[PDB]
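S.K.: Here it is: the structure, laid out below.
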Amino acid sequence: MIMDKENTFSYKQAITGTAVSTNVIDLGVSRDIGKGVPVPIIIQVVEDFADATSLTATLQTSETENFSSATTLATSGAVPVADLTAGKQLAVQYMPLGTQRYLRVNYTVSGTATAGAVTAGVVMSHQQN
Amino acid sequence: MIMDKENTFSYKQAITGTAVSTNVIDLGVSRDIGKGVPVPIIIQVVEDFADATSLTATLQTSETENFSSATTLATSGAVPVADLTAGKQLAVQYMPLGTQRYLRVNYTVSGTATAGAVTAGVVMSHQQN
Amino acid sequence: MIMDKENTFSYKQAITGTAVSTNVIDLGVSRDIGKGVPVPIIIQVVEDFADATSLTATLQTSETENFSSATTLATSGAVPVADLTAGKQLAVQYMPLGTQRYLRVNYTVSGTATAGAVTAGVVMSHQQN
Amino acid sequence: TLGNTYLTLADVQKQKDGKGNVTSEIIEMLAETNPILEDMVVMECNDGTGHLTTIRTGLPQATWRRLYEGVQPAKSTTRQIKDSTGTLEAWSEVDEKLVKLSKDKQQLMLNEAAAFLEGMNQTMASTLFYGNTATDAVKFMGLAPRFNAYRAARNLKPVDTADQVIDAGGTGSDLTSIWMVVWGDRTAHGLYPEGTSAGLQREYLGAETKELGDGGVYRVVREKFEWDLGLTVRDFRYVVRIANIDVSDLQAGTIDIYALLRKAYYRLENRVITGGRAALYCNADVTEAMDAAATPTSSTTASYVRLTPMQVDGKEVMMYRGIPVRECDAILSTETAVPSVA
Amino acid sequence: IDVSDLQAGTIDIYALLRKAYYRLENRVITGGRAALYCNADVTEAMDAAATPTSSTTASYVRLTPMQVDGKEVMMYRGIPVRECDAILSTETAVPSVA
Amino acid sequence: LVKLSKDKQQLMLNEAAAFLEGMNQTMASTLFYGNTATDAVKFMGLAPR
Amino acid sequence: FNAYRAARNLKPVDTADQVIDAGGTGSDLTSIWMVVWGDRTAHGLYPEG
């Protein structure tokens, strides 16, 4: 993979607590980029989770820097910690449709965590097996 | 109209009080810049003032970086809050004689101003209506 | 240098006490000299001064013949007595902006001087040492 | 955050066909037409502080001489105004690997260069029509800032520029304007400072070595795009604009276009003598309405024009009164109120 | 001639011009050379009445396409129209007589 | 002063043109309002009659 | 194109910005078309091969 810096939501972000993503990719124009030729994305969990219980991994999109009202484009559900190992993908392969203005990832966690990290972001080409 | 970054005493600088300039200019050896061919200057006001009473446009110069000793070269008097609108110059169009080593602009105000901006600095070509 | 007796705010005028310059110019209409070609003038002290504390050479203007309305266009500041010698220019070396129909040159001195003379008016060139 | 500054990878993926090659044919869908920058005359300032205009502000009115009277000699007063040029430029910054993995460099440069050319043209036309340097100190004075004030009465001779603007009763954020400029050596023209060159200058800097603040030397490629010009409206007798043209009207029959256009034509005090080429620029809403009131069909209580078969649809709006009507997209149907000088 | 009401078209110009041409009862028996003078407002209204677009309140000039432009006025039945800026737009109203 | 202008002809032409325009404007405007009643120093105009 | 911009904006050209409506709202409705038949305008794709 040749995943790069700019269009990347989080780089090895712990989000051990109930945090959110840091690099909110913002686009001035509502391109809704998923249309036509696809764009691969990952929300692959990069390092294991110790004492969490659920890792709802929404892909909230909104129309303001601060996500006053956000819209969900991909939610992984209440994934139990038994699967939050390295390489555990948490959404669809390619870019979804409906990216209105802004894009930030939520990390609602049931309870806190003592370990856990992710590398959500856009990738030039997926890695499989 | 052409301007510079260094030969620029202010750029939309806030005057919300009795503030002074920001980019004090140096000229190496002391020298006198008012001699010889004229060098223009623009003290145009931007962001129309709201609640001031008088804007003192002193043009203090010094021989030391810190303006412990200052030498007034020009002034505009107690120009009222009325007028002081956009495109209002407030000093001599060119550099007065007696530029010791450095130059700056003073912005004494008889009260508080809730708005106001200035663009003091040398301009390659003055813009006459 | 050439002097233009017609435009000559003062010619070796004595500066004892505070008064206004002898000649009050009248440019026909409300035209502004400032904008356009730099029209040079010299409010220069021609004879040295005396125990007077300070001098405040001012350039008032007004549309009316008599200056019942004060509209400052320039100021020398509170120049000290010690540097008040011959050939020292006091104020703006060129026209300020906003020149109305009539231009006086006020000579406000801190106290009274037992000597001191000043000439003021348009020229065709300068000396500049 | 961000993601909007440099040419990211998602955009490069979007700029290629399914065969894996960069797209040669890109639908613009945002280009605009602005022939103001095409028909405008421009020449080097070639002078000192700036371009110089000499305006007369006094006449030596003669005296009714009684016999044995001394007539006092009089003088002719003059007023001088100078106008300055402005400069802007934009830059393209792309990673070299972003280029190499796209299998095609020249195509990506062509795409980005075309986009930058269109962007600069649009920006320049916008500033020409609205160069409000009153609050900028850059973006040289255009045309709207000079005439952003109208005088309701007393508009007999061009004492000021407030007599060169015609109120049309508009209100709200749906106002517009029509400019009738005259380009000529003395009327008005464009301007660029000496030493530079006319038109947009573009330079291909090749591969760069972008150095980061915190020790980073990733290699980028850049292209230079430079274009500078300035304006000089010598006479405010050569430019007339209509303010407060409410687009809530002008789509229905409430404001007659040709009435205002004739009123302004006669306000153009210097068409009586040929100074130079003339023009009347619109925003394609005015021209639409103008063909709506010059080839009328079922119009509202108006339009004395009488039609014939084969001429019921409309033909064109090319020329107003011999003045060519060049359609400039820079003009906006939102301009805020131009107030009435008291 | 009220310019404020001249722009509105309330006061006819071609009618009063006909009256004046008739009032000047001599040129139809020859003489010198005639000339007519008018401020910008007068000529503008006469060009408007010549080529109306929304002069409204009835008119009997009918235009074709490519003709709505409006040509400048040049004659008044053989009397060259000259643009004399001397005529002001604010002067005495020649008070009611008799 | 005329000699210092370095042209001595363009300046004089400018002043002459201004004076011509002033005179023409004065009698043209008093050709239509030159009332001897209001000021008995100028020839009678067209309006006062 | 089955959506029209009610209060049209001047040139933010969207698919809803190219449909003019007048009346309808019955069972007699119909439409008129303006298609530019050119390469980079609109054309008929036959699938590859």
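A note on labels: chains of the structure tokens are A, B, ... as shown, every chain counts residues from 1, and ligands are counted from 1 in their shown order.
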Using only C-alpha atoms, which protein or nucleic acid residues come within 9 Å of range 66-77 of chain C? Drop anything in the same chain fewer than 5 positions from it, and give the result as an NGL selection string.

M.R.: (:B and (58 or 71-79 or 90-92)) or (:C and (24 or 55-61 or 90-92 or 95-99 or 102-104))

S.K.: Can you tell me which residues surround range 109-124 of chain C at a distance of at most 9 Å, considering only C-alpha atoms, apart from same-chain residues fewer than 5 positions away, and format the answer as an mmCIF file with N, CA, C and O atoms, in the first residue's frame?

M.R.:
data_model
loop_
_atom_site.group_PDB
_atom_site.id
_atom_site.type_symbol
_atom_site.label_atom_id
_atom_site.label_comp_id
_atom_site.auth_asym_id
_atom_site.auth_seq_id
_atom_site.Cartn_x
_atom_site.Cartn_y
_atom_site.Cartn_z
ATOM 1 N N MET C 1 16.809 78.114 -5.069
ATOM 2 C CA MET C 1 15.851 77.497 -5.976
ATOM 3 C C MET C 1 14.759 78.481 -6.384
ATOM 4 O O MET C 1 14.615 79.545 -5.787
ATOM 5 N N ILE C 2 13.991 78.108 -7.409
ATOM 6 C CA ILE C 2 12.863 78.934 -7.824
ATOM 7 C C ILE C 2 11.824 78.920 -6.702
ATOM 8 O O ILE C 2 11.691 77.948 -5.953
ATOM 9 N N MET C 3 11.091 80.027 -6.574
ATOM 10 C CA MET C 3 10.293 80.199 -5.364
ATOM 11 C C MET C 3 8.822 80.529 -5.587
ATOM 12 O O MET C 3 8.027 80.260 -4.684
ATOM 13 N N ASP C 4 8.413 81.093 -6.727
ATOM 14 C CA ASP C 4 7.000 81.371 -7.006
ATOM 15 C C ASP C 4 6.425 82.300 -5.929
ATOM 16 O O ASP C 4 5.779 81.875 -4.972
ATOM 17 N N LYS C 5 6.791 83.577 -6.052
ATOM 18 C CA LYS C 5 6.320 84.585 -5.103
ATOM 19 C C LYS C 5 4.801 84.550 -4.934
ATOM 20 O O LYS C 5 4.284 84.865 -3.855
ATOM 21 N N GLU C 6 4.069 84.165 -5.982
ATOM 22 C CA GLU C 6 2.613 84.089 -5.885
ATOM 23 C C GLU C 6 2.176 83.088 -4.821
ATOM 24 O O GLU C 6 1.318 83.392 -3.986
ATOM 25 N N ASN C 7 2.738 81.878 -4.848
ATOM 26 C CA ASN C 7 2.552 80.911 -3.765
ATOM 27 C C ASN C 7 3.731 81.023 -2.818
ATOM 28 O O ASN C 7 4.770 80.393 -3.022
ATOM 29 N N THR C 8 3.564 81.808 -1.760
ATOM 30 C CA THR C 8 4.623 81.963 -0.775
ATOM 31 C C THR C 8 3.930 82.241 0.555
ATOM 32 O O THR C 8 3.592 83.390 0.846
ATOM 33 N N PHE C 9 3.719 81.185 1.340
ATOM 34 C CA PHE C 9 2.970 81.325 2.579
ATOM 35 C C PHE C 9 3.608 82.350 3.501
ATOM 36 O O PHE C 9 2.903 83.066 4.218
ATOM 37 N N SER C 10 4.933 82.426 3.500
ATOM 38 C CA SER C 10 5.637 83.435 4.275
ATOM 39 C C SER C 10 7.001 83.658 3.644
ATOM 40 O O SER C 10 7.581 82.745 3.050
ATOM 41 N N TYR C 11 7.503 84.879 3.778
ATOM 42 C CA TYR C 11 8.803 85.253 3.234
ATOM 43 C C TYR C 11 9.572 85.945 4.347
ATOM 44 O O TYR C 11 9.341 87.126 4.620
ATOM 45 N N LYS C 12 10.472 85.205 4.991
ATOM 46 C CA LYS C 12 11.252 85.693 6.126
ATOM 47 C C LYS C 12 10.357 86.200 7.253
ATOM 48 O O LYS C 12 10.730 87.118 7.985
ATOM 49 N N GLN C 13 9.175 85.609 7.404
ATOM 50 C CA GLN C 13 8.243 86.047 8.433
ATOM 51 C C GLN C 13 8.828 85.804 9.817
ATOM 52 O O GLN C 13 9.466 84.781 10.059
ATOM 53 N N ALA C 14 8.630 86.762 10.718
ATOM 54 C CA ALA C 14 9.061 86.593 12.097
ATOM 55 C C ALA C 14 8.097 85.685 12.850
ATOM 56 O O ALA C 14 6.884 85.716 12.632
ATOM 57 N N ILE C 15 8.649 84.870 13.747
ATOM 58 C CA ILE C 15 7.891 83.820 14.416
ATOM 59 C C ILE C 15 7.658 84.109 15.890
ATOM 60 O O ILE C 15 7.260 83.204 16.629
ATOM 61 N N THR C 16 7.891 85.333 16.349
ATOM 62 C CA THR C 16 7.620 85.654 17.742
ATOM 63 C C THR C 16 6.144 85.455 18.056
ATOM 64 O O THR C 16 5.277 86.100 17.463
ATOM 65 N N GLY C 17 5.859 84.540 18.974
ATOM 66 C CA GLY C 17 4.490 84.256 19.350
ATOM 67 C C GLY C 17 3.780 83.352 18.356
ATOM 68 O O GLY C 17 4.336 82.896 17.357
ATOM 69 N N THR C 18 2.508 83.092 18.654
ATOM 70 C CA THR C 18 1.680 82.189 17.866
ATOM 71 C C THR C 18 0.704 82.989 17.012
ATOM 72 O O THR C 18 -0.087 83.780 17.538
ATOM 73 N N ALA C 19 0.752 82.765 15.705
ATOM 74 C CA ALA C 19 -0.130 83.416 14.747
ATOM 75 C C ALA C 19 -0.193 82.523 13.511
ATOM 76 O O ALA C 19 0.184 81.348 13.565
ATOM 77 N N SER C 21 0.453 82.208 9.080
ATOM 78 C CA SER C 21 1.343 82.701 8.043
ATOM 79 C C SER C 21 0.690 83.853 7.284
ATOM 80 O O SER C 21 -0.532 84.016 7.277
ATOM 81 N N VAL C 39 3.891 68.197 -5.901
ATOM 82 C CA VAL C 39 4.178 69.628 -5.868
ATOM 83 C C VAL C 39 5.041 69.889 -4.638
ATOM 84 O O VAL C 39 4.592 69.670 -3.506
ATOM 85 N N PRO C 40 6.286 70.313 -4.813
ATOM 86 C CA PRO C 40 7.190 70.458 -3.671
ATOM 87 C C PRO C 40 7.008 71.800 -2.982
ATOM 88 O O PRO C 40 6.772 72.828 -3.617
ATOM 89 N N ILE C 41 7.127 71.787 -1.655
ATOM 90 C CA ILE C 41 7.164 73.002 -0.844
ATOM 91 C C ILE C 41 8.215 72.840 0.242
ATOM 92 O O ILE C 41 8.732 71.749 0.481
ATOM 93 N N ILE C 42 8.537 73.947 0.906
ATOM 94 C CA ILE C 42 9.496 73.927 2.001
ATOM 95 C C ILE C 42 9.048 74.870 3.107
ATOM 96 O O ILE C 42 9.157 76.093 2.977
ATOM 97 N N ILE C 43 8.545 74.317 4.204
ATOM 98 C CA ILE C 43 8.378 75.095 5.437
ATOM 99 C C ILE C 43 9.690 74.937 6.193
ATOM 100 O O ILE C 43 9.847 74.100 7.082
ATOM 101 N N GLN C 44 10.666 75.754 5.816
ATOM 102 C CA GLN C 44 12.014 75.642 6.350
ATOM 103 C C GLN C 44 12.316 76.861 7.208
ATOM 104 O O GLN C 44 11.911 77.978 6.873
ATOM 105 N N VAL C 45 12.991 76.634 8.332
ATOM 106 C CA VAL C 45 13.395 77.740 9.179
ATOM 107 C C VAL C 45 14.608 78.408 8.564
ATOM 108 O O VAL C 45 15.625 77.761 8.289
ATOM 109 N N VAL C 46 14.507 79.713 8.335
ATOM 110 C CA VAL C 46 15.564 80.456 7.670
ATOM 111 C C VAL C 46 16.491 81.166 8.651
ATOM 112 O O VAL C 46 17.684 81.323 8.346
ATOM 113 N N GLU C 47 16.005 81.558 9.828
ATOM 114 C CA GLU C 47 16.853 82.130 10.864
ATOM 115 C C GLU C 47 16.586 81.431 12.186
ATOM 116 O O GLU C 47 15.449 81.071 12.497
ATOM 117 N N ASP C 48 17.648 81.261 12.971
ATOM 118 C CA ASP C 48 17.585 80.481 14.195
ATOM 119 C C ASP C 48 16.628 81.117 15.198
ATOM 120 O O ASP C 48 16.140 82.232 15.017
ATOM 121 N N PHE C 49 16.383 80.397 16.283
ATOM 122 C CA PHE C 49 15.335 80.751 17.227
ATOM 123 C C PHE C 49 15.937 81.090 18.588
ATOM 124 O O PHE C 49 17.151 81.244 18.738
ATOM 125 N N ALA C 50 15.067 81.214 19.583
ATOM 126 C CA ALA C 50 15.425 81.796 20.869
ATOM 127 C C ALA C 50 14.795 80.948 21.968
ATOM 128 O O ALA C 50 14.380 79.807 21.744
ATOM 129 N N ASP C 51 14.712 81.516 23.171
ATOM 130 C CA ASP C 51 14.389 80.755 24.372
ATOM 131 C C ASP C 51 13.031 80.063 24.320
ATOM 132 O O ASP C 51 12.674 79.360 25.273
ATOM 133 N N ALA C 52 12.262 80.251 23.249
ATOM 134 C CA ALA C 52 10.970 79.591 23.108
ATOM 135 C C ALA C 52 11.114 78.080 23.240
ATOM 136 O O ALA C 52 12.050 77.485 22.702
ATOM 137 N N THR C 53 10.179 77.469 23.967
ATOM 138 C CA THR C 53 10.326 76.066 24.344
ATOM 139 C C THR C 53 10.263 75.145 23.130
ATOM 140 O O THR C 53 11.144 74.296 22.941
ATOM 141 N N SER C 54 9.238 75.298 22.293
ATOM 142 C CA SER C 54 9.060 74.393 21.164
ATOM 143 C C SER C 54 8.193 75.062 20.109
ATOM 144 O O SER C 54 7.477 76.027 20.387
ATOM 145 N N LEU C 55 8.256 74.515 18.893
ATOM 146 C CA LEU C 55 7.504 75.020 17.755
ATOM 147 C C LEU C 55 6.659 73.896 17.166
ATOM 148 O O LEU C 55 7.057 72.729 17.180
ATOM 149 N N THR C 56 5.484 74.259 16.656
ATOM 150 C CA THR C 56 4.477 73.290 16.229
ATOM 151 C C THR C 56 3.909 73.676 14.866
ATOM 152 O O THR C 56 2.697 73.810 14.690
ATOM 153 N N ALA C 57 4.793 73.899 13.891
ATOM 154 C CA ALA C 57 4.395 74.296 12.543
ATOM 155 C C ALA C 57 3.296 73.408 11.970
ATOM 156 O O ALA C 57 3.511 72.214 11.744
ATOM 157 N N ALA C 78 5.763 68.595 17.920
ATOM 158 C CA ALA C 78 6.331 69.574 18.840
ATOM 159 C C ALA C 78 7.854 69.577 18.699
ATOM 160 O O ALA C 78 8.592 69.022 19.512
ATOM 161 N N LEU C 84 16.228 73.797 16.162
ATOM 162 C CA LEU C 84 15.638 74.814 15.294
ATOM 163 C C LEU C 84 16.728 75.763 14.820
ATOM 164 O O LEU C 84 16.976 76.802 15.434
ATOM 165 N N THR C 85 17.393 75.407 13.726
ATOM 166 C CA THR C 85 18.432 76.246 13.147
ATOM 167 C C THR C 85 18.061 76.516 11.696
ATOM 168 O O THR C 85 16.976 76.158 11.233
ATOM 169 N N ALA C 86 18.972 77.160 10.975
ATOM 170 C CA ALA C 86 18.702 77.532 9.596
ATOM 171 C C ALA C 86 18.707 76.312 8.689
ATOM 172 O O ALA C 86 19.494 75.382 8.873
ATOM 173 N N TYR C 94 6.194 67.586 0.624
ATOM 174 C CA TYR C 94 5.304 67.701 -0.520
ATOM 175 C C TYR C 94 3.893 67.936 -0.004
ATOM 176 O O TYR C 94 3.638 67.888 1.201
#

S.K.: Residues of chain B in strand (DSSP E) according to DSSP, as a PyMOL selection string?

M.R.: chain B and resi 3-8+13-14+25-26+45-46+54-55+61-62+79-80+102-103+117-118+121-123

S.K.: What would the file look like if the residues just selected were written as a compact mmCIF listing (two decimals), in the first residue's frame with C-alpha atoms?

M.R.:
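What ended up in out_5.txt:
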# COMPACT_ATOMS: atom_id res chain seq x y z
CA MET B 3 3.11 46.72 -2.04
CA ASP B 4 5.79 44.76 -0.17
CA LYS B 5 6.10 42.58 2.95
CA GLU B 6 9.07 44.32 4.60
CA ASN B 7 8.42 47.89 3.45
CA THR B 8 5.09 47.66 5.23
CA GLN B 13 -3.61 46.03 11.67
CA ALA B 14 -6.20 46.31 14.42
CA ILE B 25 11.57 48.99 9.25
CA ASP B 26 15.37 49.05 9.28
CA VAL B 45 -7.70 52.95 6.42
CA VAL B 46 -9.51 49.63 5.89
CA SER B 54 -9.61 60.67 17.35
CA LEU B 55 -6.90 58.75 15.41
CA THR B 61 11.27 57.29 13.75
CA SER B 62 14.19 56.23 15.91
CA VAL B 79 -9.34 63.09 12.83
CA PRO B 80 -12.81 62.18 14.13
CA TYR B 102 14.07 53.00 11.80
CA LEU B 103 10.45 53.95 11.19
CA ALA B 117 -7.73 48.76 10.20
CA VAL B 118 -4.74 50.41 8.53
CA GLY B 121 3.61 51.02 4.29
CA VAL B 122 5.55 51.99 1.22
CA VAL B 123 3.66 51.54 -2.09

S.K.: Near chain C, meaning an atom within 6 Å, which residues of chain D appear when counting only C-alpha atoms? Write them as a VMD selection string.

M.R.: chain D and resid 80 to 82

S.K.: Go ahead and write the residues just picked, N, CA, C and O atoms, as a compact mmCIF listing (two decimals), in the first residue's frame.

M.R.:
# COMPACT_ATOMS: atom_id res chain seq x y z
N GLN D 80 -4.94 66.79 -11.23
CA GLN D 80 -4.22 65.61 -11.70
C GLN D 80 -4.59 64.39 -10.87
O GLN D 80 -4.74 64.48 -9.65
N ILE D 81 -4.75 63.26 -11.55
CA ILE D 81 -5.09 61.99 -10.92
C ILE D 81 -4.23 60.90 -11.53
O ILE D 81 -4.03 60.86 -12.75
N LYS D 82 -3.71 60.00 -10.70
CA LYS D 82 -2.93 58.86 -11.17
C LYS D 82 -3.53 57.56 -10.67
O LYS D 82 -4.07 57.49 -9.55

S.K.: Do you have the CA of residue 42 in chain D-CA of residue 276 in chain D distance handy?

M.R.: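 These two atoms are separated by 13.1 Å.
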
S.K.: Write out as a compact mmCIF listing (two decimals) with N, CA, C and O atoms, in the first residue's frame each polymer residue whose atoms come within 12 Å of residue 42 in chain F, counting only C-alpha atoms; drop sequence neighbours fewer than 5 positions from it.

M.R.:
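Result went into around22.txt, see below:
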# COMPACT_ATOMS: atom_id res chain seq x y z
N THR D 63 -15.04 88.74 -18.27
CA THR D 63 -15.73 89.79 -17.55
C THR D 63 -16.37 90.75 -18.53
O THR D 63 -15.78 91.08 -19.57
N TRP D 64 -17.59 91.18 -18.22
CA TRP D 64 -18.29 92.16 -19.05
C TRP D 64 -17.63 93.52 -18.89
O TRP D 64 -17.98 94.28 -17.97
N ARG D 65 -16.71 93.85 -19.78
CA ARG D 65 -15.85 95.00 -19.58
C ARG D 65 -16.60 96.29 -19.88
O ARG D 65 -17.00 96.53 -21.02
N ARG D 66 -16.81 97.11 -18.85
CA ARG D 66 -17.22 98.48 -19.09
C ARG D 66 -16.06 99.27 -19.67
O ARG D 66 -14.89 98.95 -19.46
N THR F 26 -19.57 81.71 -21.66
CA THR F 26 -20.20 82.87 -21.05
C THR F 26 -21.21 83.52 -21.98
O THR F 26 -22.36 83.76 -21.59
N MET F 27 -20.83 83.81 -23.23
CA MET F 27 -21.84 84.46 -24.06
C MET F 27 -22.89 83.47 -24.55
O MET F 27 -24.04 83.86 -24.78
N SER F 29 -24.24 81.07 -22.76
CA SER F 29 -25.22 81.02 -21.68
C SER F 29 -25.92 82.35 -21.46
O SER F 29 -27.06 82.35 -20.98
N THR F 30 -25.28 83.48 -21.77
CA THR F 30 -25.97 84.76 -21.72
C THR F 30 -26.64 85.12 -23.04
O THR F 30 -27.35 86.13 -23.10
N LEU F 31 -26.44 84.32 -24.09
CA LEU F 31 -27.24 84.46 -25.30
C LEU F 31 -28.69 84.09 -25.06
O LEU F 31 -29.56 84.49 -25.83
N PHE F 32 -28.97 83.33 -24.00
CA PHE F 32 -30.32 82.90 -23.68
C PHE F 32 -30.86 83.48 -22.39
O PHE F 32 -32.04 83.29 -22.11
N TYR F 33 -30.03 84.14 -21.58
CA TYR F 33 -30.55 84.76 -20.36
C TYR F 33 -29.91 86.12 -20.09
O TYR F 33 -29.97 86.59 -18.95
N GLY F 34 -29.34 86.77 -21.09
CA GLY F 34 -28.63 88.01 -20.86
C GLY F 34 -29.58 89.17 -20.69
O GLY F 34 -29.77 89.98 -21.60
N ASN F 35 -30.19 89.25 -19.52
CA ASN F 35 -31.20 90.26 -19.23
C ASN F 35 -30.51 91.54 -18.78
O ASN F 35 -29.84 91.55 -17.74
N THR F 36 -30.67 92.61 -19.56
CA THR F 36 -30.15 93.91 -19.15
C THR F 36 -30.82 94.39 -17.88
O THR F 36 -30.22 95.14 -17.10
N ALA F 37 -32.07 93.98 -17.66
CA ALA F 37 -32.79 94.35 -16.45
C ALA F 37 -32.08 93.84 -15.21
O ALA F 37 -31.94 94.57 -14.22

S.K.: One decimal, Å: what's the distance from CA of residue 30 in chain E over to CA of residue 15 in chain E, could you say?

M.R.: 23.1 Å

S.K.: With 9 Å as the limit and counting only C-alpha atoms, what residues in chain E lie close to chain F? Please list them as a list in words.

M.R.: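 The complete set of qualifying residues is residues 84, 85, 86, 87 and 88 of chain E.
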
S.K.: Those selected residues, please, written with C-alpha atoms and delivered as a compact mmCIF listing (two decimals), in the first residue's frame.

M.R.:
# COMPACT_ATOMS: atom_id res chain seq x y z
CA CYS E 84 -27.31 73.77 -27.04
CA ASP E 85 -26.07 73.23 -23.49
CA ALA E 86 -26.83 76.88 -22.68
CA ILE E 87 -30.45 76.03 -21.89
CA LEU E 88 -30.42 75.17 -18.19

S.K.: Using only C-alpha atoms, find the residues of chain G whose closest atom to chain D is at most 8 Å away, then write them as a list in words.

M.R.: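 That gives residues 10, 13 and 40 of chain G for chain G.
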
S.K.: What gap, in Å, lies between CA of residue 279 in chain D and CA of residue 326 in chain D?

M.R.: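 These atoms are spaced 6.8 Å apart.
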
S.K.: Please give the complete set of residues from chain F that DSSP, run on the backbone, assigns to helix (DSSP H, G or I), formatted as a short mmCIF file (atom, residue, chain, number, x, y, z; two decimals) with N, CA, C and O atoms, in the first residue's frame.

M.R.:
data_model
loop_
_atom_site.label_atom_id
_atom_site.label_comp_id
_atom_site.auth_asym_id
_atom_site.auth_seq_id
_atom_site.Cartn_x
_atom_site.Cartn_y
_atom_site.Cartn_z
N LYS F 3 9.24 80.17 -20.03
CA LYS F 3 10.49 79.61 -20.53
C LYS F 3 10.89 78.34 -19.79
O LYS F 3 11.53 77.46 -20.38
N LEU F 4 10.53 78.23 -18.51
CA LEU F 4 10.94 77.07 -17.73
C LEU F 4 10.15 75.82 -18.12
O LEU F 4 10.59 74.70 -17.86
N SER F 5 8.98 76.00 -18.74
CA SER F 5 8.15 74.86 -19.11
C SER F 5 8.79 74.00 -20.19
O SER F 5 8.27 72.91 -20.48
N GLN F 10 3.09 74.64 -25.79
CA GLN F 10 1.99 73.78 -25.37
C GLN F 10 1.24 74.39 -24.20
O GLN F 10 0.00 74.35 -24.16
N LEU F 11 1.96 74.95 -23.23
CA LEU F 11 1.30 75.60 -22.10
C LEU F 11 0.47 76.79 -22.55
O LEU F 11 -0.67 76.97 -22.10
N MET F 12 1.02 77.61 -23.45
CA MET F 12 0.27 78.76 -23.94
C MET F 12 -0.96 78.32 -24.72
O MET F 12 -2.02 78.93 -24.61
N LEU F 13 -0.83 77.25 -25.51
CA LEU F 13 -1.98 76.72 -26.23
C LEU F 13 -3.05 76.23 -25.27
O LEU F 13 -4.24 76.44 -25.49
N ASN F 14 -2.63 75.56 -24.19
CA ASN F 14 -3.59 75.08 -23.20
C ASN F 14 -4.35 76.24 -22.58
O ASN F 14 -5.59 76.21 -22.47
N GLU F 15 -3.62 77.28 -22.17
CA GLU F 15 -4.28 78.42 -21.55
C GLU F 15 -5.21 79.13 -22.53
O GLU F 15 -6.32 79.55 -22.17
N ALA F 16 -4.77 79.27 -23.79
CA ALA F 16 -5.62 79.89 -24.79
C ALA F 16 -6.89 79.09 -25.02
O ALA F 16 -7.98 79.66 -25.15
N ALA F 17 -6.78 77.76 -25.08
CA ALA F 17 -7.96 76.93 -25.26
C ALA F 17 -8.93 77.10 -24.10
O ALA F 17 -10.15 77.20 -24.30
N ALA F 18 -8.40 77.14 -22.87
CA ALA F 18 -9.26 77.32 -21.71
C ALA F 18 -9.98 78.66 -21.78
O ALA F 18 -11.18 78.76 -21.48
N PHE F 19 -9.26 79.72 -22.16
CA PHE F 19 -9.88 81.04 -22.23
C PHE F 19 -10.95 81.09 -23.32
O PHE F 19 -12.03 81.67 -23.12
N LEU F 20 -10.67 80.50 -24.49
CA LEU F 20 -11.67 80.43 -25.54
C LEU F 20 -12.93 79.74 -25.05
O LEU F 20 -14.05 80.22 -25.27
N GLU F 21 -12.76 78.59 -24.39
CA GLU F 21 -13.92 77.86 -23.89
C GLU F 21 -14.70 78.68 -22.88
O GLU F 21 -15.94 78.71 -22.90
N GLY F 22 -14.00 79.38 -21.98
CA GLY F 22 -14.69 80.19 -20.99
C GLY F 22 -15.51 81.30 -21.62
O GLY F 22 -16.67 81.50 -21.27
N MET F 23 -14.92 82.01 -22.58
CA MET F 23 -15.64 83.09 -23.25
C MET F 23 -16.85 82.55 -24.01
O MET F 23 -17.95 83.13 -23.95
N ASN F 24 -16.65 81.46 -24.75
CA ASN F 24 -17.75 80.90 -25.53
C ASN F 24 -18.88 80.48 -24.61
O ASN F 24 -20.05 80.75 -24.90
N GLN F 25 -18.55 79.84 -23.49
CA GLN F 25 -19.58 79.44 -22.55
C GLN F 25 -20.31 80.65 -21.99
O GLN F 25 -21.54 80.64 -21.86
N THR F 26 -19.57 81.71 -21.66
CA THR F 26 -20.20 82.87 -21.05
C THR F 26 -21.21 83.52 -21.98
O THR F 26 -22.36 83.76 -21.59
N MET F 27 -20.83 83.81 -23.23
CA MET F 27 -21.84 84.46 -24.06
C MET F 27 -22.89 83.47 -24.55
O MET F 27 -24.04 83.86 -24.78
N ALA F 28 -22.54 82.19 -24.72
CA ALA F 28 -23.57 81.22 -25.10
C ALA F 28 -24.64 81.11 -24.03
O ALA F 28 -25.84 81.06 -24.34
N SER F 29 -24.24 81.07 -22.76
CA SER F 29 -25.22 81.02 -21.68
C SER F 29 -25.92 82.35 -21.46
O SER F 29 -27.06 82.35 -20.98
N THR F 30 -25.28 83.48 -21.77
CA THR F 30 -25.97 84.76 -21.72
C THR F 30 -26.64 85.12 -23.04
O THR F 30 -27.35 86.13 -23.10
#
